[PDB]
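The data below hold one chain only, encoded as structure tokens and taken in the form deposited in one PDB entry.
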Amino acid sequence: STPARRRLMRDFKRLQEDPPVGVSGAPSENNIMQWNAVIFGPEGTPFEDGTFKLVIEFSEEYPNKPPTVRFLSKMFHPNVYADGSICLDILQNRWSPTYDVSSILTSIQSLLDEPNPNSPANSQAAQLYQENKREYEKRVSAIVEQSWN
């Protein structure tokens, strides 16, 4: 094995033993470096009832280097690109090996209801979030419904 692979097995064991509310994930069948994950939208937010699928991509440099994470489900959120790529500060400059898959996934769930206003990846979503909360929620509701497909 390798340190990344042993760490990933530890991350999985910890996540499966004590999963945070509305989050789960596991390595793919055939490749511990690629995981499938699910995040349920947080209760009381525009994303409630959404069941969102994600892919997490690691390397042999984990946990020195953060993974990348993308939504496979359709998304509408200021910090998610059109291709599903998720922008999260802890996956960039605020990375620490103290974070693991569990805490990455919980951060992404929390991100859903707490957009980062700094240079958002989806300008349309950012502008609606800022200036037309009412309409932001309709656009979010459409991708909540699609997430059940």
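All residue numbers refer to positions in the sequence shown, first residue = 1.
The form solved in complex with a partner chain exists for this protein as well; it is not shown, and the discussion that follows is about that form.
The candidate spot formed by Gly22, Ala37 and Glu43 lies fully in contact with its partner chain in the entry with it bound, as each residue has a heavy atom within 4.5 Å of it. Proximity of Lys53 to its partner chain in the entry with it bound falls within the 4.5 Å heavy atom cutoff. Its partner chain is not shown here, and in the entry with it bound it never comes within 4.5 Å of any heavy atom of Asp83. Of the heavy atoms in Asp49, some are within 4.5 Å of its partner chain in the entry with it bound. Although the partner is absent here, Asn116 sits far enough away that none of its heavy atoms falls within 4.5 Å of its partner chain in the entry with it bound.
Note on contacts: among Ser110, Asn64, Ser28, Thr68, the single residue with a heavy atom within 4.5 Å of its partner chain in the entry with it bound is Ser28. Only one listed stretch (83-91, 116-124, 96-104, 28-36) carries heavy atoms within 4.5 Å of its partner chain in the entry with it bound, and that stretch is 28-36.
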